Amino acid sequence: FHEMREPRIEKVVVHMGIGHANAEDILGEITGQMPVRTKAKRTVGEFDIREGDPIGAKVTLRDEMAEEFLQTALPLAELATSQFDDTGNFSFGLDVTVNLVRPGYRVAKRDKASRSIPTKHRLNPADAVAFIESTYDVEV
Amino acid sequence: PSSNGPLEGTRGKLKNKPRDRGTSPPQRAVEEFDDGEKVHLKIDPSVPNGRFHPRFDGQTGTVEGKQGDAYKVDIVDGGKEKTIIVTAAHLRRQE
Amino acid sequence: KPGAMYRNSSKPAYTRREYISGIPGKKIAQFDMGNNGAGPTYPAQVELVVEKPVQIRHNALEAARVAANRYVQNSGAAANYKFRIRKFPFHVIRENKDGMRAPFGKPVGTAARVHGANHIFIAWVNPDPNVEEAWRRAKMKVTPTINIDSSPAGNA
Amino acid sequence: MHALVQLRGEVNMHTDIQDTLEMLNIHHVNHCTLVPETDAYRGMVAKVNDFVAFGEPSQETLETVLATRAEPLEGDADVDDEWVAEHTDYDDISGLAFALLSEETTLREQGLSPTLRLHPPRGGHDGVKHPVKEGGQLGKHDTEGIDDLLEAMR
Amino acid sequence: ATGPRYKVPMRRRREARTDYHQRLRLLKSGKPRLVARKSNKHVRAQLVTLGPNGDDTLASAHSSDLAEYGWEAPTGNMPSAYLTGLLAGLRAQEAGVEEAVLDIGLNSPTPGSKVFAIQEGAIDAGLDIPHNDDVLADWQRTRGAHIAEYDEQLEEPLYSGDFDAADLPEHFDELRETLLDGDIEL
RNA sequence: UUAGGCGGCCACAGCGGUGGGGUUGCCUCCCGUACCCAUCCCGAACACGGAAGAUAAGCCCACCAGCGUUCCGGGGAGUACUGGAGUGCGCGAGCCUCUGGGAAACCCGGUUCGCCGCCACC
RNA sequence: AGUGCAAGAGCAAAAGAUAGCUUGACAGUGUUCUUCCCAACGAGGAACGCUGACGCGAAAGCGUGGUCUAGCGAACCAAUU
RNA sequence: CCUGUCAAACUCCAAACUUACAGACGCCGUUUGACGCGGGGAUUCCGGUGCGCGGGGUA
Ligand SMILES: [Cl-]
Ligand SMILES: [Cl-]
Ligand SMILES: [Mg+2]
Ligand SMILES: [Mg+2]
Ligand SMILES: [Mg+2]
Ligand SMILES: [Mg+2]
Ligand SMILES: [Mg+2]
Ligand SMILES: [Mg+2]
Ligand SMILES: [Mg+2]
Ligand SMILES: [Mg+2]
Ligand SMILES: [Mg+2]
Ligand code: NA
Ligand code: NA
Ligand code: NA
Ligand code: NA
Ligand code: NA
Ligand code: NA
């Protein structure tokens, strides 16, 4: 049963929601791989009327690239609880989000016969706290 | 009528019931008919091409040759003889 | 203007406010009268039944209702009874006020279409039918002949 | 098998109703025809229901009327037993009558005019403004009802 | 689901198995379809025709029944695909089928992919199919050379037990060679 | 069909939920990036290569009706409406009778948790 | 939601969005329907072909302008190929 | 949750009925030639009423 039920880290998105950049540079070093532009939608008063327009960058890290990052990110954060997803995720911070899920997630991300993950096989906030808390730190 | 375009007074006949909404199955768009076969004409709201003038919706003609992938169906409008260019997507075998 | 001009249901239903503007407000003050705080927990229930399909201008509704409830003060301003007028004047009415040229009239009021046998008014009372009298005065100010019907009440 | 009698004239009667009567071989008031009870014929009589009188006649009545008002496809000749025997499959009016009623043959099949040109009803009929159930003479009749009319028009 | 007005997609669209827009375009040719499908471990190739109550498969080949002819290697690779293509192509010919169009289902038209290998195979089997040569692998990769070289960077057998240690694109030739004459079910 | 591929009808198949299933064989998740190929950044996906592990997802099998849907019984209802006829009634609006058709809402009880085709396969 | 603009209709692995590429908004000639139900009548419009030349795509295929129904003009004379 | 009402430019529903084609019966046509084709000659393009269904209008 377990082993295929035990949580794991799938991507950590580090993005800097600026309002118009030079910031990529630091993201590249803090993570270790190229950042991506962040176009925006809708025309708005913050002199942000331009539809297609660089307004920040993000970086999606997977596998070691994600751990090796969290092995310094997490320490710079304290928070926990309430600040967690209903799906077992959590964002802290410049933003750093951690998407968590169990072994058979590809089923919902592949092209052929894809499907949504059953609520039972989903990751709960609690089952999430455990996994991470059980990895160099404390909850609440 | 306040206007005289082809679609005048076609709100009903060219609209789908909410559940039959969306792209239609390909099977009937590929159906093949032989010259002489009787076919009922009925536009499929979901299928843009291969259409005929809404006034013929409900007619039952006789396939008589085709043009490209489109069929040529002979019908009789009132007392006049007419040939309609129509695709399988808008035809059905009688009986 | 006379009821004769609008009391018949011979015109198409004309109620689409999305295509009609300048409709006059309704003169009907309230639809729920009496102790609306309480629910129909009364022994007796009398109803005023219209006997012919007709149109009833909000004019008549107001005068009919007032004359009935205004009288139901034989029981007191805070008496124990609840009065209800279940119809609302949906049908918009016009008047062609040029002669018969471009005659589609302009909105001049509203009327409610009642079919013969429907109850336009329903009152709830304890064995104390002063209400039967409140209606003799009500159907006095509406076009049709009417039937005063009692439902829960075998206390005759 | 039902006996059809046109009781109302053509003036003002729907065309599609008149044609129907015409398809049933009746082209004048008081003219009568015999019609099988089939789906196709049933629809026809129902459409004509308001300008006619119909019902299943008794063996006797039919015989009376056949004897009195039957005719050859052409000519004056009286259709009596002898005629019937020397011209039809049957041996006498009764035999023909039975065959019509049991819908085994038809007036044409036996060289007879599809139409029994009846006489006005002696004593007058019940009215052509109300159906039977209302005291008139229109619509489906009783076998006893049809017989009276047929007999009065013998 | 939600109400009377709710629109439920076709079963094969819910299952995310059939792309109906592509299907129609495919059926336009009026020719049989060369259904090229894959599995983590195998590769299937069918020649389907249109029918009154559904498709009719007139000829097929599965990477599994490849061994039935002397295959002693994995079956979820390039050389496997090609041969299964050729195998289904031959059975296809036998069935009287002369032409078809390539249906790759929900797979991607990546150059040198296994579905195109399947297409190459079926073509060489004699089947006439609308194609484009420079979207196909360069023969060597089809033979399984890319895998042999990959085992050159050995240190540990690429194949757990299986057959050979340095693998065999030669075993590939032996098989194609075999399928190109006589033998049962062909 | 002890798990498969391509479909037809396109909710009777949707939504939600329970239970069961892989010892060699199938589908998966799964493991992994030298290659073909790939991410406006990530072998996530796509693509390729592969079996150390698992049946927890998916998937297949058996089942539940609470919601949505399909059909049926009984009731609503031969009601509402209506094709044909009337020197029937009504100041009129309109109604009635005869004849030929015939509903919707809703309630109560069943049904429905897909059916079928072709191919492949201990 | 979006799809340029009325109103009604079509559309979800798209007819919408993004990116890239491209100029089929191509030349020639027809069939049919419409304009004008039935039922004669022009310009215009549309659907569907063919011939030729191209664009894209692995390919089937798609492109005879914009998802569909409005956005149009005779003879005489001029200018233009 | 409970409770009170509507729609010519609303529709989860839904008639009667109208209508395309086909078969059956009927009726009709093959010396009264129908269905149809070609041609000659018109008149006509102020209409009205009843009933059913309407739209406008106090009527
Ligand atoms: Cl047309
Ligand atoms: Cl596949
Ligand atoms: Mg309509
Ligand atoms: Mg004679
Ligand atoms: Mg006398
Ligand atoms: Mg009399
Ligand atoms: Mg399980
Ligand atoms: Mg277009
Ligand atoms: Mg001039
Ligand atoms: Mg010029
Ligand atoms: Mg009509
Ligand atoms: Na559709
Ligand atoms: Na004026
Ligand atoms: Na009165
Ligand atoms: Na960019
Ligand atoms: Na499982
Ligand atoms: Na034209």
# chains A, B, ... in the order shown; residues from 1 in each chain; ligands from 1
>>> residues_near_ligand(ligand="ligand 7", cutoff="12 Å", atoms="only C-alpha atoms (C1' of nucleotides) and all ligand atoms", output="VMD selection string")
(chain A and resid 1 to 2 4 to 5 120 to 121) or (chain F and resid 18 to 22 54 to 61)
>>> interface_residues(of="chain B", to="chain G", cutoff="10 Å", atoms="only C-alpha atoms (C1' of nucleotides)", output="VMD selection string")
chain B and resid 3 to 16 21 to 23 45 to 53 55 to 56 66 to 72 77 to 80 82 to 87
>>> interface_residues(of="chain C", to="chain H", cutoff="6 Å", atoms="only C-alpha atoms (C1' of nucleotides)", output="number ranges by chain")
C: 5, 15, 86-88
>>> residues_near_ligand(ligand="ligand 15", cutoff="10 Å", atoms="only C-alpha atoms (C1' of nucleotides) and all ligand atoms", output="PDB file with C-alpha atoms (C1' of nucleotides), in the first residue's frame")
ATOM      1  CA  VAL A  36      10.905  32.745 -17.400  1.00  0.00           C
ATOM      2  CA  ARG A  37       9.178  35.992 -18.261  1.00  0.00           C
ATOM      3  CA  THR A  38       5.816  36.806 -16.714  1.00  0.00           C
ATOM      4  CA  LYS A  39       3.436  38.499 -19.140  1.00  0.00           C
ATOM      5  CA  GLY A  52       1.954  41.154 -23.527  1.00  0.00           C
ATOM      6  CA  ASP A  53       4.588  42.561 -21.196  1.00  0.00           C
ATOM      7  CA  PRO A  54       7.424  41.370 -18.964  1.00  0.00           C
TER       8      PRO A  54
ATOM      9  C1'   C F  40       9.666  31.291 -24.544  1.00  0.00           C
TER      10        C F  40
ATOM     11  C1'   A G  19       3.794  31.135 -30.754  1.00  0.00           C
TER      12        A G  19
END
>>> select_by_dssp(residues="segment 26-65 of chain D", states="strand (DSSP E)", output="list in words")
residues 31, 32, 33, 34, 35, 52, 53, 54 and 55 of chain D
>>> interface_residues(of="chain G", to="chain E", cutoff="12 Å", atoms="only C-alpha atoms (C1' of nucleotides)", output="PDB file with N, CA, C and O atoms (P, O5', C5', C4', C3', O3' and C1' of nucleotides), in the first residue's frame")
ATOM      1  P     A G  12     -17.190  22.344 -29.543  1.00  0.00           P
ATOM      2  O5'   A G  12     -15.850  22.851 -28.844  1.00  0.00           O
ATOM      3  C5'   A G  12     -14.550  22.591 -29.426  1.00  0.00           C
ATOM      4  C4'   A G  12     -13.485  22.481 -28.348  1.00  0.00           C
ATOM      5  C3'   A G  12     -13.741  21.443 -27.267  1.00  0.00           C
ATOM      6  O3'   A G  12     -12.476  20.926 -26.852  1.00  0.00           O
ATOM      7  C1'   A G  12     -13.517  23.562 -26.258  1.00  0.00           C
ATOM      8  P     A G  13     -11.909  19.600 -27.537  1.00  0.00           P
ATOM      9  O5'   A G  13     -10.688  20.090 -28.439  1.00  0.00           O
ATOM     10  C5'   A G  13      -9.686  20.999 -27.917  1.00  0.00           C
ATOM     11  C4'   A G  13      -8.340  20.323 -27.883  1.00  0.00           C
ATOM     12  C3'   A G  13      -7.892  19.743 -29.212  1.00  0.00           C
ATOM     13  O3'   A G  13      -7.265  20.752 -30.009  1.00  0.00           O
ATOM     14  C1'   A G  13      -7.571  18.161 -27.469  1.00  0.00           C
ATOM     15  P     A G  14      -7.921  21.224 -31.418  1.00  0.00           P
ATOM     16  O5'   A G  14      -9.352  21.829 -31.034  1.00  0.00           O
ATOM     17  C5'   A G  14     -10.579  21.289 -31.578  1.00  0.00           C
ATOM     18  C4'   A G  14     -11.446  22.394 -32.138  1.00  0.00           C
ATOM     19  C3'   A G  14     -10.707  23.418 -32.980  1.00  0.00           C
ATOM     20  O3'   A G  14     -11.476  23.758 -34.108  1.00  0.00           O
ATOM     21  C1'   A G  14     -11.862  24.522 -31.231  1.00  0.00           C
ATOM     22  P     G G  57       5.301  23.573 -42.024  1.00  0.00           P
ATOM     23  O5'   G G  57       4.318  22.357 -41.758  1.00  0.00           O
ATOM     24  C5'   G G  57       3.726  22.160 -40.478  1.00  0.00           C
ATOM     25  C4'   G G  57       2.774  21.013 -40.566  1.00  0.00           C
ATOM     26  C3'   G G  57       3.425  19.709 -40.992  1.00  0.00           C
ATOM     27  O3'   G G  57       4.103  19.076 -39.905  1.00  0.00           O
ATOM     28  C1'   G G  57       1.389  20.026 -42.177  1.00  0.00           C
ATOM     29  P     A G  58       5.555  18.410 -40.138  1.00  0.00           P
ATOM     30  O5'   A G  58       5.278  17.237 -41.166  1.00  0.00           O
ATOM     31  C5'   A G  58       6.345  16.444 -41.660  1.00  0.00           C
ATOM     32  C4'   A G  58       5.862  15.040 -41.894  1.00  0.00           C
ATOM     33  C3'   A G  58       4.569  14.951 -42.683  1.00  0.00           C
ATOM     34  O3'   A G  58       4.805  15.062 -44.077  1.00  0.00           O
ATOM     35  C1'   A G  58       4.426  13.550 -40.804  1.00  0.00           C
ATOM     36  P     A G  59       3.803  15.939 -44.972  1.00  0.00           P
ATOM     37  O5'   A G  59       2.467  15.055 -45.002  1.00  0.00           O
ATOM     38  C5'   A G  59       2.513  13.686 -45.488  1.00  0.00           C
ATOM     39  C4'   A G  59       1.271  12.912 -45.096  1.00  0.00           C
ATOM     40  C3'   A G  59      -0.101  13.458 -45.500  1.00  0.00           C
ATOM     41  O3'   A G  59      -0.491  13.122 -46.858  1.00  0.00           O
ATOM     42  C1'   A G  59      -0.086  12.953 -43.179  1.00  0.00           C
ATOM     43  P     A G  60      -1.603  14.020 -47.672  1.00  0.00           P
ATOM     44  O5'   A G  60      -2.995  13.623 -47.016  1.00  0.00           O
ATOM     45  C5'   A G  60      -3.531  12.300 -47.245  1.00  0.00           C
ATOM     46  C4'   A G  60      -4.616  11.989 -46.243  1.00  0.00           C
ATOM     47  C3'   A G  60      -5.774  12.964 -46.193  1.00  0.00           C
ATOM     48  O3'   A G  60      -6.719  12.686 -47.221  1.00  0.00           O
ATOM     49  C1'   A G  60      -5.042  12.516 -44.000  1.00  0.00           C
ATOM     50  P     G G  61      -7.087  13.831 -48.316  1.00  0.00           P
ATOM     51  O5'   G G  61      -7.452  15.137 -47.472  1.00  0.00           O
ATOM     52  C5'   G G  61      -8.307  15.039 -46.308  1.00  0.00           C
ATOM     53  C4'   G G  61      -7.897  16.059 -45.269  1.00  0.00           C
ATOM     54  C3'   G G  61      -8.200  17.496 -45.626  1.00  0.00           C
ATOM     55  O3'   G G  61      -9.560  17.776 -45.368  1.00  0.00           O
ATOM     56  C1'   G G  61      -6.010  17.380 -44.800  1.00  0.00           C
ATOM     57  P     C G  62     -10.322  18.845 -46.281  1.00  0.00           P
ATOM     58  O5'   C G  62      -9.778  20.228 -45.721  1.00  0.00           O
ATOM     59  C5'   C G  62     -10.085  20.627 -44.382  1.00  0.00           C
ATOM     60  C4'   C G  62      -9.198  21.758 -43.978  1.00  0.00           C
ATOM     61  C3'   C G  62      -9.253  22.980 -44.885  1.00  0.00           C
ATOM     62  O3'   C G  62     -10.420  23.784 -44.678  1.00  0.00           O
ATOM     63  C1'   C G  62      -7.002  22.452 -44.450  1.00  0.00           C
TER      64        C G  62
END
>>> residues_around(residues="residue 78 of chain D", least_positions_apart="6", cutoff="10 Å", atoms="only C-alpha atoms (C1' of nucleotides)", output="list in words")
residues 66, 67, 68, 69, 70, 71, 72 and 84 of chain D
>>> write_last_selection(atoms="N, CA and C atoms", output="compact mmCIF listing (two decimals), in the first residue's frame")
# COMPACT_ATOMS: atom_id res chain seq x y z
N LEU D 66 -80.71 -3.30 -51.69
CA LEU D 66 -80.03 -3.84 -52.88
C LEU D 66 -81.05 -4.14 -53.96
N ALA D 67 -82.11 -4.81 -53.55
CA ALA D 67 -83.16 -5.18 -54.47
C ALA D 67 -83.79 -3.93 -55.04
N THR D 68 -84.12 -2.99 -54.17
CA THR D 68 -84.78 -1.77 -54.59
C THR D 68 -83.93 -0.72 -55.32
N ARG D 69 -82.69 -0.49 -54.88
CA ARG D 69 -81.87 0.54 -55.50
C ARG D 69 -80.51 0.16 -56.06
N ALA D 70 -80.29 -1.10 -56.38
CA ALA D 70 -78.99 -1.44 -56.93
C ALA D 70 -79.06 -1.27 -58.44
N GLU D 71 -77.91 -1.08 -59.07
CA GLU D 71 -77.89 -0.93 -60.51
C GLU D 71 -76.65 -1.53 -61.12
N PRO D 72 -76.73 -1.89 -62.40
CA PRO D 72 -75.61 -2.47 -63.14
C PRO D 72 -74.63 -1.34 -63.36
N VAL D 84 -78.96 -11.08 -60.36
CA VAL D 84 -77.87 -11.43 -59.48
C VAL D 84 -77.31 -12.78 -59.87
>>> residues_around(residues="residue 29 of chain B", least_positions_apart="4", cutoff="8 Å", atoms="only C-alpha atoms (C1' of nucleotides)", output="list in words")
residues 25, 87, 88, 89 and 90 of chain B
>>> write_last_selection(atoms="N, CA and C atoms", output="short mmCIF file (atom, residue, chain, number, x, y, z; two decimals), in the first residue's frame")
data_model
loop_
_atom_site.label_atom_id
_atom_site.label_comp_id
_atom_site.auth_asym_id
_atom_site.auth_seq_id
_atom_site.Cartn_x
_atom_site.Cartn_y
_atom_site.Cartn_z
N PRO B 25 -20.70 13.70 -34.21
CA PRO B 25 -19.90 12.51 -34.51
C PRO B 25 -19.50 12.48 -36.00
N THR B 87 -23.54 17.89 -48.19
CA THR B 87 -22.66 16.87 -47.62
C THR B 87 -23.35 15.85 -46.72
N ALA B 88 -22.71 14.71 -46.55
CA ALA B 88 -23.28 13.65 -45.74
C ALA B 88 -23.67 14.12 -44.34
N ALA B 89 -22.90 15.05 -43.78
CA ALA B 89 -23.19 15.55 -42.43
C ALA B 89 -24.64 16.01 -42.27
N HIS B 90 -25.28 16.39 -43.38
CA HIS B 90 -26.66 16.90 -43.37
C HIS B 90 -27.68 16.00 -44.05
#
>>> residues_near_ligand(ligand="ligand 4", cutoff="12 Å", atoms="only C-alpha atoms (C1' of nucleotides) and all ligand atoms", output="list in words")
residues 69, 70, 71, 72, 73, 74, 75, 76, 77, 78, 111, 112, 113, 114, 115, 116 and 117 of chain D
>>> residues_near_ligand(ligand="ligand 11", cutoff="12 Å", atoms="only C-alpha atoms (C1' of nucleotides) and all ligand atoms", output="PyMOL selection string")
chain H and resi 17-19+53
>>> write_last_selection(atoms="N, CA, C and O atoms (P, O5', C5', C4', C3', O3' and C1' of nucleotides)", output="PDB file, in the first residue's frame")
ATOM      1  P     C H  17     -54.582  15.901 -35.697  1.00  0.00           P
ATOM      2  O5'   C H  17     -54.025  17.211 -36.412  1.00  0.00           O
ATOM      3  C5'   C H  17     -54.850  18.381 -36.600  1.00  0.00           C
ATOM      4  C4'   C H  17     -53.997  19.537 -37.051  1.00  0.00           C
ATOM      5  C3'   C H  17     -53.240  19.328 -38.345  1.00  0.00           C
ATOM      6  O3'   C H  17     -54.073  19.594 -39.458  1.00  0.00           O
ATOM      7  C1'   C H  17     -51.755  20.151 -36.735  1.00  0.00           C
ATOM      8  P     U H  18     -53.743  18.915 -40.872  1.00  0.00           P
ATOM      9  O5'   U H  18     -52.452  19.699 -41.340  1.00  0.00           O
ATOM     10  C5'   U H  18     -52.577  21.017 -41.854  1.00  0.00           C
ATOM     11  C4'   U H  18     -51.224  21.586 -42.110  1.00  0.00           C
ATOM     12  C3'   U H  18     -50.374  20.771 -43.051  1.00  0.00           C
ATOM     13  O3'   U H  18     -50.732  21.092 -44.364  1.00  0.00           O
ATOM     14  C1'   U H  18     -49.090  21.412 -41.224  1.00  0.00           C
ATOM     15  P     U H  19     -50.515  20.033 -45.539  1.00  0.00           P
ATOM     16  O5'   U H  19     -48.937  19.866 -45.646  1.00  0.00           O
ATOM     17  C5'   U H  19     -48.087  20.963 -45.970  1.00  0.00           C
ATOM     18  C4'   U H  19     -46.644  20.571 -45.746  1.00  0.00           C
ATOM     19  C3'   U H  19     -46.194  19.308 -46.461  1.00  0.00           C
ATOM     20  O3'   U H  19     -45.891  19.473 -47.835  1.00  0.00           O
ATOM     21  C1'   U H  19     -45.470  19.212 -44.235  1.00  0.00           C
ATOM     22  P     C H  53     -60.452  31.075 -33.058  1.00  0.00           P
ATOM     23  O5'   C H  53     -58.993  31.370 -33.624  1.00  0.00           O
ATOM     24  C5'   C H  53     -57.913  30.464 -33.383  1.00  0.00           C
ATOM     25  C4'   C H  53     -56.698  30.868 -34.181  1.00  0.00           C
ATOM     26  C3'   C H  53     -56.197  32.281 -33.959  1.00  0.00           C
ATOM     27  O3'   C H  53     -55.487  32.466 -32.757  1.00  0.00           O
ATOM     28  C1'   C H  53     -56.204  31.839 -36.265  1.00  0.00           C
TER      29        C H  53
END
>>> residues_near_ligand(ligand="ligand 10", cutoff="9 Å", atoms="only C-alpha atoms (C1' of nucleotides) and all ligand atoms", output="list in words")
residues 78, 79 and 80 of chain G
>>> interface_residues(of="chain H", to="chain B", cutoff="10 Å", atoms="only C-alpha atoms (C1' of nucleotides)", output="ChimeraX atom specification")
/H:19-22
>>> interface_residues(of="chain E", to="chain B", cutoff="7 Å", atoms="only C-alpha atoms", output="PyMOL selection string")
chain E and resi 5-7+24
>>> interface_residues(of="chain F", to="chain D", cutoff="12 Å", atoms="only C-alpha atoms (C1' of nucleotides)", output="PyMOL selection string")
chain F and resi 83-88+97-100
>>> write_last_selection(atoms="N, CA, C and O atoms (P, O5', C5', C4', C3', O3' and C1' of nucleotides)", output="PDB file, in the first residue's frame")
ATOM      1  P     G F  83     -58.179  23.900 -33.935  1.00  0.00           P
ATOM      2  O5'   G F  83     -58.049  22.612 -34.856  1.00  0.00           O
ATOM      3  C5'   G F  83     -57.145  22.568 -35.967  1.00  0.00           C
ATOM      4  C4'   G F  83     -57.486  21.389 -36.848  1.00  0.00           C
ATOM      5  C3'   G F  83     -58.940  21.338 -37.281  1.00  0.00           C
ATOM      6  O3'   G F  83     -59.227  22.192 -38.366  1.00  0.00           O
ATOM      7  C1'   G F  83     -58.346  19.224 -36.483  1.00  0.00           C
ATOM      8  P     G F  84     -60.708  22.742 -38.553  1.00  0.00           P
ATOM      9  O5'   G F  84     -61.603  21.427 -38.659  1.00  0.00           O
ATOM     10  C5'   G F  84     -61.768  20.734 -39.916  1.00  0.00           C
ATOM     11  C4'   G F  84     -62.993  19.846 -39.881  1.00  0.00           C
ATOM     12  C3'   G F  84     -64.329  20.510 -39.575  1.00  0.00           C
ATOM     13  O3'   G F  84     -64.941  21.099 -40.709  1.00  0.00           O
ATOM     14  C1'   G F  84     -64.086  18.624 -38.216  1.00  0.00           C
ATOM     15  P     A F  85     -65.978  22.315 -40.518  1.00  0.00           P
ATOM     16  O5'   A F  85     -67.236  21.694 -39.770  1.00  0.00           O
ATOM     17  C5'   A F  85     -68.068  20.718 -40.409  1.00  0.00           C
ATOM     18  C4'   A F  85     -69.182  20.288 -39.482  1.00  0.00           C
ATOM     19  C3'   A F  85     -70.075  21.343 -38.850  1.00  0.00           C
ATOM     20  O3'   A F  85     -71.058  21.834 -39.770  1.00  0.00           O
ATOM     21  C1'   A F  85     -69.492  19.737 -37.241  1.00  0.00           C
ATOM     22  P     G F  86     -71.632  23.331 -39.619  1.00  0.00           P
ATOM     23  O5'   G F  86     -72.647  23.264 -38.397  1.00  0.00           O
ATOM     24  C5'   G F  86     -73.807  22.431 -38.434  1.00  0.00           C
ATOM     25  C4'   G F  86     -74.472  22.424 -37.084  1.00  0.00           C
ATOM     26  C3'   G F  86     -74.882  23.775 -36.534  1.00  0.00           C
ATOM     27  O3'   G F  86     -76.123  24.148 -37.121  1.00  0.00           O
ATOM     28  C1'   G F  86     -73.872  22.490 -34.831  1.00  0.00           C
ATOM     29  P     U F  87     -76.308  25.594 -37.787  1.00  0.00           P
ATOM     30  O5'   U F  87     -77.559  26.159 -36.989  1.00  0.00           O
ATOM     31  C5'   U F  87     -77.488  26.339 -35.568  1.00  0.00           C
ATOM     32  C4'   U F  87     -78.843  26.700 -35.015  1.00  0.00           C
ATOM     33  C3'   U F  87     -79.912  25.606 -35.087  1.00  0.00           C
ATOM     34  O3'   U F  87     -80.841  25.695 -33.993  1.00  0.00           O
ATOM     35  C1'   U F  87     -80.673  27.509 -36.215  1.00  0.00           C
ATOM     36  P     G F  88     -80.869  24.548 -32.861  1.00  0.00           P
ATOM     37  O5'   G F  88     -79.996  25.190 -31.692  1.00  0.00           O
ATOM     38  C5'   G F  88     -78.705  24.693 -31.365  1.00  0.00           C
ATOM     39  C4'   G F  88     -78.568  24.528 -29.867  1.00  0.00           C
ATOM     40  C3'   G F  88     -78.460  25.780 -28.994  1.00  0.00           C
ATOM     41  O3'   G F  88     -79.728  26.283 -28.557  1.00  0.00           O
ATOM     42  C1'   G F  88     -76.635  24.357 -28.561  1.00  0.00           C
ATOM     43  P     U F  97     -69.544  19.544 -22.664  1.00  0.00           P
ATOM     44  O5'   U F  97     -70.440  19.061 -23.888  1.00  0.00           O
ATOM     45  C5'   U F  97     -71.765  18.568 -23.668  1.00  0.00           C
ATOM     46  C4'   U F  97     -72.405  18.198 -24.975  1.00  0.00           C
ATOM     47  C3'   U F  97     -71.628  17.234 -25.852  1.00  0.00           C
ATOM     48  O3'   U F  97     -71.872  15.897 -25.428  1.00  0.00           O
ATOM     49  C1'   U F  97     -72.388  19.052 -27.159  1.00  0.00           C
ATOM     50  P     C F  98     -70.811  14.742 -25.775  1.00  0.00           P
ATOM     51  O5'   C F  98     -70.938  14.554 -27.347  1.00  0.00           O
ATOM     52  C5'   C F  98     -72.106  13.981 -27.940  1.00  0.00           C
ATOM     53  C4'   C F  98     -71.942  13.958 -29.432  1.00  0.00           C
ATOM     54  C3'   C F  98     -70.628  13.367 -29.913  1.00  0.00           C
ATOM     55  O3'   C F  98     -70.647  11.943 -29.950  1.00  0.00           O
ATOM     56  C1'   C F  98     -71.011  15.419 -31.016  1.00  0.00           C
ATOM     57  P     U F  99     -69.272  11.132 -29.801  1.00  0.00           P
ATOM     58  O5'   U F  99     -68.464  11.574 -31.091  1.00  0.00           O
ATOM     59  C5'   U F  99     -68.899  11.175 -32.391  1.00  0.00           C
ATOM     60  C4'   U F  99     -67.881  11.595 -33.410  1.00  0.00           C
ATOM     61  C3'   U F  99     -66.444  11.252 -33.056  1.00  0.00           C
ATOM     62  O3'   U F  99     -66.134   9.904 -33.343  1.00  0.00           O
ATOM     63  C1'   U F  99     -66.544  13.475 -33.784  1.00  0.00           C
ATOM     64  P     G F 100     -64.919   9.201 -32.585  1.00  0.00           P
ATOM     65  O5'   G F 100     -63.636   9.886 -33.223  1.00  0.00           O
ATOM     66  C5'   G F 100     -63.330   9.743 -34.612  1.00  0.00           C
ATOM     67  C4'   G F 100     -62.097  10.531 -34.939  1.00  0.00           C
ATOM     68  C3'   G F 100     -60.955  10.324 -33.969  1.00  0.00           C
ATOM     69  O3'   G F 100     -60.234   9.151 -34.158  1.00  0.00           O
ATOM     70  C1'   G F 100     -61.130  12.596 -34.430  1.00  0.00           C
TER      71        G F 100
END
>>> residues_near_ligand(ligand="ligand 6", cutoff="8 Å", atoms="only C-alpha atoms (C1' of nucleotides) and all ligand atoms", output="PDB file with C-alpha atoms, in the first residue's frame")
ATOM      1  CA  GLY D 124     -88.231  12.809 -42.915  1.00  0.00           C
ATOM      2  CA  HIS D 125     -84.964  12.195 -41.099  1.00  0.00           C
ATOM      3  CA  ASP D 126     -83.930  13.519 -37.662  1.00  0.00           C
ATOM      4  CA  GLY D 127     -82.153  16.664 -38.839  1.00  0.00           C
ATOM      5  CA  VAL D 128     -78.798  17.470 -40.353  1.00  0.00           C
TER       6      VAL D 128
END
>>> residues_around(residues="residue 180 of chain E", least_positions_apart="4", cutoff="10 Å", atoms="only C-alpha atoms (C1' of nucleotides)", output="PyMOL selection string")
chain E and resi 86-87+90+124-125+175-176+186
